[PDB]
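Participant: Here it is, the structure, as structure tokens.
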Amino acid sequence: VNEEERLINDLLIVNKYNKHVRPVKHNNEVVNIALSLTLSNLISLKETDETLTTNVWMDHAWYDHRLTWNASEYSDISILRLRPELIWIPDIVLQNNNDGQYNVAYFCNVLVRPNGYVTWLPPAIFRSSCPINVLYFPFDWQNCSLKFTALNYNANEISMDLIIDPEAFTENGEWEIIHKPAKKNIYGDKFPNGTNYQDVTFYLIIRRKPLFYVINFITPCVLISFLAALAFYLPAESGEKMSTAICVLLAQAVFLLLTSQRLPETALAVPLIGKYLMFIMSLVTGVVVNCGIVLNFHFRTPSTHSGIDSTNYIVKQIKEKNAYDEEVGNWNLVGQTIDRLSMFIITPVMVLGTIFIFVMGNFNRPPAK
Amino acid sequence: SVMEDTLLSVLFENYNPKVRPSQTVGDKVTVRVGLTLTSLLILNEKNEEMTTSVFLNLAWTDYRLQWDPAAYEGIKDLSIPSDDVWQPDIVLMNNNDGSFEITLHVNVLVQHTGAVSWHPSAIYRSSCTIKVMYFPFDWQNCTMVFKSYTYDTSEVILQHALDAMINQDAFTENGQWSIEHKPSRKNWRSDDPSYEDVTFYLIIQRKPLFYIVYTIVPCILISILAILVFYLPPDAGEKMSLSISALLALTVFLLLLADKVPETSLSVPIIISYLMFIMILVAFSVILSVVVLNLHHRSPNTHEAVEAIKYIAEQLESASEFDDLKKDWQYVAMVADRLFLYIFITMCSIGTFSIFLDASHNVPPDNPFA
Amino acid sequence: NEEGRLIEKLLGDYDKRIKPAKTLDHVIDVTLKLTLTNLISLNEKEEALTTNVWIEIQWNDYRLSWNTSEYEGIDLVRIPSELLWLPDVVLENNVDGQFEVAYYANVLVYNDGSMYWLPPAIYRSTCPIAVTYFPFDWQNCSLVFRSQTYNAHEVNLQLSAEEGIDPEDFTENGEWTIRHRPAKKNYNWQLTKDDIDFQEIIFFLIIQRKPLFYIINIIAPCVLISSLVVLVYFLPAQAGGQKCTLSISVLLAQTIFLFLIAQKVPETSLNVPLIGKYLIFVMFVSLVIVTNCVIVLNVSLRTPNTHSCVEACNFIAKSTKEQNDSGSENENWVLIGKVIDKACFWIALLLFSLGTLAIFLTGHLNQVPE
Amino acid sequence: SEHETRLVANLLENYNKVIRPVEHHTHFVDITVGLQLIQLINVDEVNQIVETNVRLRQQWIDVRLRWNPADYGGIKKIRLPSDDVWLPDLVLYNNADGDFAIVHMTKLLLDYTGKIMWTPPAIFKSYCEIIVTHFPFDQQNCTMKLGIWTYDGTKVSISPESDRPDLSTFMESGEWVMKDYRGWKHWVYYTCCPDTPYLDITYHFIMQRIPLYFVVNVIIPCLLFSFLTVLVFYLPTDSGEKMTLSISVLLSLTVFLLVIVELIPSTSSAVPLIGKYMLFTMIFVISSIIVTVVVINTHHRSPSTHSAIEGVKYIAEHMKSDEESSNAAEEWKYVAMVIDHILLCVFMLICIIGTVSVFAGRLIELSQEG
Amino acid sequence: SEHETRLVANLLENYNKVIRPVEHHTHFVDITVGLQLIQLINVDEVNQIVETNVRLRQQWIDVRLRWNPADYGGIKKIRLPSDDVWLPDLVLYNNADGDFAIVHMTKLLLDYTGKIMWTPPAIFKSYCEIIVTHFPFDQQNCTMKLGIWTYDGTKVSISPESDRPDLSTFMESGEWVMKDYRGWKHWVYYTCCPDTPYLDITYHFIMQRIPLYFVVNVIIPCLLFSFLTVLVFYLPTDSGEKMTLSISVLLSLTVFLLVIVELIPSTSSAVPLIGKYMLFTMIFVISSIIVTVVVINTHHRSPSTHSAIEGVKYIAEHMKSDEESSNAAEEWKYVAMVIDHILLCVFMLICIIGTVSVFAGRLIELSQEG
């Protein structure tokens with residue numbers, strides 16, 4: 001208290017420091033600024049509309065050449081605090097990911113060094129428009145790009161130089192964060208003749224895939240399949256049950272359809288790859304075709320589907436004659452055709468069923484790569 | 001330095017906060033407006049609301065900020081907050097469904113002989129004329145009108161950028186949709202002594218080909234069942250029961266379809282075009298199913404002393420077999436053949452018609468994008 | 001008339017933040033009261049509500065009786081909100097959402113210290129109505145509110161209307184109803200052991216509801232359903248033998264309908280409150296129908312199978427006739443439906459009883475509150 | 001400028017913003033309202049809430065705004081922002097669904113004499129009766145009152161100017177439709193107090209509903225069902241072999257009817273429409289119900305049915388005889404003289420009912436048409 | 001009066017608010033705390049969000065606050081407005097979802113000395129652990145830590161006092177239940193940085209949940225569908241004459257729980273849980289499938305069953388005797404023996420993994436309970 005009162009009167013901040021004047025030692029280069037990016041949390045991932053809500057520690061550094069102190073300031077306390085108002089504040093701009101203004105990363109507590117350098121590093125709840133596309137769904141699941149920096153100023157006015180990822184990742188993401196490159200830069204453009212403003216470029220390469228869809232989604236696949244696969248088994252064990260063979264295909268039919276229904280529902284949440292979607296619907300087709308097969312091949316058959424003496428000779432005539440008929444039905448039986456039928460069912464459930472997990476594997480060989 | 005104090009102090013001594021960047025009634029100040037777009041994030045196709053993001057570049061000149069040796073000739077270019085002036089308050093005639101985000105009160109580029117550049121990116125809640133005319137393959141146009149909101153062009157004039174700038178300069182890549190172009194026309198509604206708004210056109214194109222595909226399946230598949238229930242009658246006449254099961258099932262199906270239509274129009278409705286006729290193709294496989302049913306219906310029945408007993412025997416069997424022989428006559432299958440070739444016509448024809456219209460809808464009403 | 005000079009005098013001396021206090025050990029006397037005007041949202045599962053309350057605020061401050069120029073110019077006055085001491089109100093009780101538009105309004109000074117101010121406020125709160133308050137006997141909504149600020153040794157509130172209501176300005180878009188409304192002024196000392204007593208304002212609100220629309224929603228399906236199983240029960244004594252399966256079909260049918268009801272209304276008392284009472288007659292009346300329903304089939308399942415060479419040969423054949431007859435005969439004895447006939451009256455009275463036991467008791471929870 | 005500095009400084013100095021234009025004890029402040037709803041953005045039935053465009057034309061007068069060559073000389077009448085003024089707290093009595101949009105801090109035009117107008121471009125949140133009775137074909141008149149919130153007739157008075165149609169700027173994108181709307185003035189004096197209170201503008205919105213697409217979809221199943229029903233009669237009499245066949249149908253359909261129901265009652269829940277509108281769909285739809293249930297129980301109804376070589380021949384022939392009897396029994400059980408009876412007995416019922424159904428359709432179609 | 005003005009004026013003259021109240025490089029600002037949680041208005045389930053009130057009881061002192069007969073004199077302990085003070089920015093590290101509600105603008109306890117407290121009825125939204133594994137039958141302990149934000153050890157300090165339980169003021173109408181809650185203090189410096197970072201209180205909430213309402217209805221359809229499966233097996237022995245029938249009921253059965261599960265993914269997804277629990281109903285349900293798979297595949301199992376005038380009398384009874392042993396050969400397939408086997412077979416198998424489901428059920432809760 002060493003002239004303290006008095007001295008924070010001397011210096012003045014507001015009155016001796018020109019609030020309105022950026023103390024860049026007059027017209028030169030810049031004062032040299034550095035940004036540090038540390039994610040504190042990632043709360044929500046949207047596949048749909050390429051949008052992520054995440055928290056970042058906005059670690060910022062620049063020298064305040066006016067803030068160089070003396071004994072009853074510097075040395076009195078080599079370290080001291082000063083709020084946002086006594087403080088020129090950049091507007092660091094999430095230059096391609098501030099498709100939602102910055103919160104509670106505006107004008108909050110800063111750290112005042114003992115000979116101008118200043119340190120301001122709080123919390124940023126933000127939204128971003130990261131490069132989703134319908135391609136961020138292959139297993140790679142791409143690399144999310146983001147640039148940070150003091151938006152307005154140029155290379156003669158500002159300069160910003162420059178941490179993983181899983182430091183505080185959301186573990187109740189359905190995704191997985193593989194990596195995390197950080198490297199600054201500066202850049203002039205097409206229309207400008209003159210390089211300027213420098214930025215923090217941070218690529219996020221991730222991956223995601225629950226282990227929960229697998230469980231109720233495959234479950235129906237096999238289930239389903241085996242019904243199309245049984246359908247045809249039952250037409251042997253008894254194919255006369257005509258009506259009730261019928262009920263099964265209505266039944267199997269309707270089941271198949273809603274199930275795929277809640278599939279494009281999560282599918283809107285998130286624009287799905289062409290890779291996976293084809294296999295599912297090219298193949299439940301698989302079945303549909305069969306059920307329609309099941310049809311014609313199941314019901315395709317026309318029918319299968421001495422005077423005294425003179426009188427009982429009428430009946431032995433009636434007898435044989437319709438015996439032709441009666442047997443016209445067993446004709447239809449086609450029972451040495453049996454095992455074929457269901458063997459000719461077996462062959463193609465094997466050729467499809469495999470063709471799929473065969474495809475499953477020709478894509479399950481490269482990723483294990 | 002160089003007369004620093006002096007420039008600095010005169011300037012903030014004669015500028016006025018509360019005032020208009022104009023000297024009395026002329027001319028006024030010709031401000032420049034031109035927004036390069038960032039990207040668009042949501043088209044609420046249902047309601048006709050538009051949330052996008054662009055840069056409001058404004059720029060005019062301030063002859064009250066002409067500098068001298070040290071901030072003119074010292075550093076010709078200096079960044080200075082706003083607050084100081086006349087900012088564009090702008091609302092959108094149709095749109096401006098809601099405030100500005102990152103639009104106003106962000107620093108600016110002040111050139112030495114007073115040129116002002118202000119370059120702010122912003123999100124803005126709009127709502128354009130998409131209408132219920134954003135599904136025909138022909139798609140539709142829209143008015144986007146920007147302009148201030150208590151100011152009557154009389155102390156300032158507004159002027160544009162390009163005209164060809175397009176709207177597919179920054180059309181969103183993520184789109185399952187597309188862009189034919191965005192016009193820009195400055196206008197001055199005489200209804201009003203106030204010179205107003207500017208009208209920006211929306212000749213948008215909406216091509217998301219993903220699920221119309223498997224929508225194709227239900228129309229063709231559903232024909233399957235169709236063909237199927239009309240093929241079953243001369244296939245196993247005893248289709249009797251089964252057949253009923255075909256149509257409980259054929260009906261429910263088309264009804265659940267009626268389940269998702271509403272639900273899909275949730276985000277997104279318009280023009281029953283699609284709908285409109287697949288509705289008619291609906292009613293069609295309605296009444297054909299049913300009359301065939303009728304078809305089926307059809308059948309009014311179907312749906403010495405020694406020798407005296409023998410007699411009695413001979414008569415028994417032959418007697419009722421002509422009665423049941425009757426029923427054979429009563430259900431011979433003349434209809435089956437003939438209407439499964441009515442079934443030929445009906446199906447074959449109504450099939451390749453909404454095929455057609457959809458054929459024609461994509462291909463025909465597309466061109467008139469100019 | 002000294003208009004200027006009187007104003008300017010006491011604004012010399014005027015004190016903001018200082019309460020008009022004789023001394024500091026007696027506090028000020030404050031008058032309050034609320035007239036409901038809007039009961040915007042009754043979320044009773046979550047027991048919260050939103051209401052536009054007329055905050056009748058009154059109190060005394062003779063720091064401003066006036067003279068010649070002011071008392072006497074005008075006994076009445078209108079001078080700004082921001083000009084002293086103002087009460088932050090809140091429902092101890094319910095005040096869940098700080099106040100809306102119910103401040104920054106126009107207060108009322110008498111020329112002598114009478115002070116009146118009313119405002120309107122929409123805010124959130126949280127009433128009774130947990131699993132009860134749906135009956136016919138009402139659970140009184142008890143909301144106490146007071147300044148959330150200071151405690152009673154400087155502040156002390158007054159009151160009203162403990163007796164008289173409610174449906175002055177009750178929501179018409181209630182399926183509820185109020186039947187009394189009490190209002191009391193009280194001291195602070197609770198369960199929790201808190202001293203420094205903060206007065207408050209208790210708001211009892213015993214109200215009614217249940218002008219059911221859905222009721223018959225509920226009503227008709229399940230009458231239909233009882234009847235539908237009365238068809239299941241008497242339709243068998245008319246039905247043929249192919250009706251075993253018949254019947255089953257209806258089983259499928261029966262619960263498809265059943266759980267479609269059970270999905271319905273469960274949803275309802277999630278979205279809004281909860282009370283067991285009504286809930287219960289439904290799903291358990293529902294259960295027990297179920298119950299005897301399938302047991303029924305089990306009843307028409309039961310039963311094993313009901314579910414001289416001349417003469418040589420004429421010998422054997424006339425045997426096979428009357429022999430086998432005694433066979434076919436088996437079927438006769440076996441399916442002598444003593445069970446079916448009776449099974450009509452089984453379920454008949456039973457059906458009655460279930461009907462009665464239920465509606466009759468829903469007749470009581472209607473007939474005691476009658 | 002013409003007087004430039006002496007102009008500006010004079011006027012700030014002797015001017016108190018706060019102060020409301022009070023000119024001895026008389027006229028108070030005469031200030032009139034004039035709302036011109038430019039257009040409407042959205043409205044909610046369920047929650048009688050509307051977001052609308054309003055340009056508030058506010059007039060009043062300060063004789064202390066007249067002028068000489070040192071204010072008028074300078075620039076005629078000018079543009080003065082709000083702030084300096086005394087602003088009435090306008091408030092939609094039974095509306096006010098919240099705060100006026102973009103109200104604050106706008107501009108106005110004063111005269112070098114004084115004429116002031118404040119006519120800002122508002123759009124806000126409203127609240128109005130709809131009642132059960134709005135989504136009438138006949139409509140309900142939304143009663144909306146406007147006026148001075150906390151100031152009487154002595155302190156001040158809000159007056160009218162303007163009758164004007166609702167369909168002046170009615171949203172074209174309403175599903176709905178107007179009849180007319182009128183607004184007359186009124187002054188509210190109370191038997192409470194001997195004093196003269198403030199003044200109000202009362203709106204009356206008279207409009208009726210319904211974009212006819214809805215209409216259609218729902219009624220067509222119902223003709224659909226008509227034919228099922230119609231089969232239910234026709235199938236059985238023209239063959240009762242597939243009785244259980246139909247059983248099917250009873251199930252598959254009533255559930256369809258159930259699914260329709262989920263759909264429209266949401267909307268019913270989404271939108272309250274005068275409840276006695278629903279009874280229509282009620283008994284109508286429920287007819288289908290009783291119909292079924294009886295037609296198909298009755299369809300069921302029926303007990304039943306839904374030598375000495377020589378003397379061996381006569382033991383045997385006598386066996387074919389009595390079972391000749393018996394045959395005839397059960398066929399004697401399903402006659403084809405009275406199923407015709409139920410045909411016409413109910414089909415006249417259906418043209419009863421049907422025409423009854425057509426009753427309330429046609430009725431308030433004789434009143435709608437008008 | 002008692003230095004009236006000399007004492008208040010001096011206090012605000014030599015009073016500052018840029019500065020915090022720091023006393024040399026020391027013990028930090030001795031910050032006291034502890035809990036007063038009395039209400040939990042809302043908390044979700046899905047997003048483990050909690051909006052509760054807790055009065056933040058803070059306690060610390062500022063020497064500058066020491067007094068003589070000119071301020072202690074006065075009135076002992078007077079209560080200052082909040083404004084004056086350097087408040088700590090407290091926050092829920094692993095929470096913080098916003099916003100402490102109603103902290104600004106308050107009341108602050110001063111003593112003639114200095115003793116100072118302010119217990120603020122803060123209500124806010126939170127986010128802490130629980131996850132998938134909260135509702136277990138072994139429980140979870142949401143870890144909630146609180147403490148200053150941007151400020152390490154070297155400067156600043158808070159500390160806990162006291163053990164108090166959870167169930168202290170737990171929500172009574174909790175679909176849910178607490179067991180215990182503990183809060184202990186600490187200071188967390190890291191091996192990262194050589195720097196003493198901040199102090200914090202960490203709550204741990206230990207409580208098990210789940211209403212039973214979901215439980216009574218989960219169980220229901222279980223039992224009941226187990227009935228039908230139980231019938232699925234008894235059928236074929238009492239009623240094999242309905243074989244086709246037992247198929248229907250599979251088509252029936254299966255689509256019905258398949259549908260049950262639709263619900264679930266809607267609701268589960270909506271009210272989150274460790275998938276570990278579904279794995280119960282999984283196999284137990286797939287079981288009914290897996291069991292009608294083998295039992296009706298089995299059921300269908302079986303190929304078949306799934374003089375010269377004297378001479379023709381002999382040609383004829385012959386006709387009968389040859390056939391008769393032949394047909395013996397399809398009956399030979401359906402012995403009505405091994406049907407009793409397969410239901411015994413699986414009766415026990417379903418009695419046992421029935422007791423199974425009652426197993427994990429109750430096991431789970433023999434572990435819950437503990």
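Chains as they are written, first to last, in PDB author numbering: chain C, 1 to 162, 178 to 320, 421 to 484; chain B, 1 to 164, 174 to 312, 403 to 469; chain E, 1 to 164, 172 to 314, 414 to 476; chain A, 1 to 306, 374 to 437; chain D, 1 to 306, 374 to 437.
Every residue gets a Cβ at the ideal spot worked out from N, C-alpha and C, and that includes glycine.
1) Report the CB separation of residue 392 of chain E from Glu377 of chain D in whole angstroms; it is logged as a contact under 8 Å.
2) Can you find a C-beta in chain D that's less than 7 Å from the C-beta of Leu259 of chain E?
3) For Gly34 of chain A, which residues from the same chain have a beta carbon less than 6 Å from its beta carbon, with the 5 sequence-adjacent residues on both sides left out?
4) Among A:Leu92, A:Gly74, A:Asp97, A:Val29, whose alpha-carbon lies nearest the alpha-carbon of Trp149 of chain A?
5) How many Å lie between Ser246 of chain D and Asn305 of chain E at the Cα?
6) Report the option in C:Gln95, C:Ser78, C:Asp59, C:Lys19 whose CA atom is closest to the CA atom of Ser39 of chain B.
7) Give the DSSP-derived three-state secondary structure of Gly74 of chain D in the structure shown.
8) By the criterion of Cβ-Cβ separation under 9 Å, what are the contact partners of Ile376 of chain D in chain C?
9) For residue 169 of chain E, count the other beta carbons within 10 Å of its own beta carbon; 16 or more makes it buried, fewer makes it exposed. Which is it?
10) Under the three-state reduction of DSSP, which class applies to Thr313 of chain E: helix, strand or coil?
11) Would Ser239 of chain D and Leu308 of chain E be called neighbours here (beta carbons separated by less than 7 Å)?
12) Could you compute how far the alpha carbon of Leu463 of chain E sits from the alpha carbon of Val230 of chain E?
13) Could you list which residues in chain B have their beta carbon closer than 8 Å to that of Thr106 of chain A, in chain order?
14) Can you look up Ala9 of chain A in the DSSP assignment and give me helix, strand or coil?
15) Along the chain, where does the beta strand (DSSP E) that runs through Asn231 of chain C open and close?
16) Taking the alpha-carbon of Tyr189 of chain D as reference, which of D:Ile49, D:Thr154, D:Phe170, D:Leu433 has the nearest alpha-carbon?
17) Please work out which residues of its chain come closer than 6 Å, Cβ to Cβ, to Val63 of chain D, disregarding the five sequence neighbours upstream and downstream, and give them in chain order.
18) Closest to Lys427 of chain E by CA distance: which of A:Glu391, A:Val379, A:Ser393, A:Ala396 is it?
19) Are at least three pairs of beta-carbons, each pair with one atom in the region 62-78 of chain E and one in the region 136-145 of chain A, less than 8 Å apart?
20) Residue ranges of each beta strand (DSSP E) run of no fewer than 3 residues wholly in the region 152-237 of chain D, ordered along the chain?
Facilitator: In terms of the structure at hand:
1) Within the gap of chain E, which runs from 314 to 414, lies residue 392 of chain E, and it has no coordinates in the structure.
2) Interface criterion met: the Cβ of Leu259 of chain E is under 7 Å from a Cβ in chain D.
3) Cβ neighbours of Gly34 of chain A beyond the five flanking positions: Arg57, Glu161, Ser162.
4) Of the candidates A:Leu92, A:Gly74, A:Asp97, A:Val29, the one whose C-alpha sits nearest the C-alpha of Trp149 of chain A is A:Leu92.
5) Those two C-alpha atoms are separated by around 13 Å.
6) Closest in C-alpha terms to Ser39 of chain B, from the list C:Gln95, C:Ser78, C:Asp59, C:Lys19, comes C:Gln95.
7) Taken through DSSP and simplified to helix, strand or coil, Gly74 of chain D comes out as helix.
8) Near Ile376 of chain D (Cβ distances below 9 Å), the residues of chain C are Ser421, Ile423, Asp424, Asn427.
9) Between 164 and 172 the numbering of chain E has a gap, and residue 169 of chain E falls inside it, with no coordinates.
10) For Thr313 of chain E, the secondary structure class from DSSP, reduced to helix, strand or coil, is coil.
11) One thing to note: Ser239 of chain D has its Cβ within 7 Å of the Cβ of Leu308 of chain E.
12) Whole-angstrom Cα-Cα distance: 14 Å.
13) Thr106 of chain A reaches chain B at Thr150, counting residues in chain order whose Cβ is nearer than 8 Å.
14) If DSSP states are grouped into helix, strand and coil, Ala9 of chain A belongs with the helices.
15) That residue, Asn231 of chain C, is in no beta strand (DSSP E); its alpha helix (DSSP H) goes 228-246.
16) Nearest C-alpha to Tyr189 of chain D among D:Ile49, D:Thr154, D:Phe170, D:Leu433: D:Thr154.
17) Hits under 6 Å: none found.
18) It is A:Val379.
19) These segments do not touch.
20) Scanning the region 152-237 of chain D from its first residue to its last, the whole beta strand (DSSP E) runs of 3-plus residues come out as 157-159, 177-187, 199-208.
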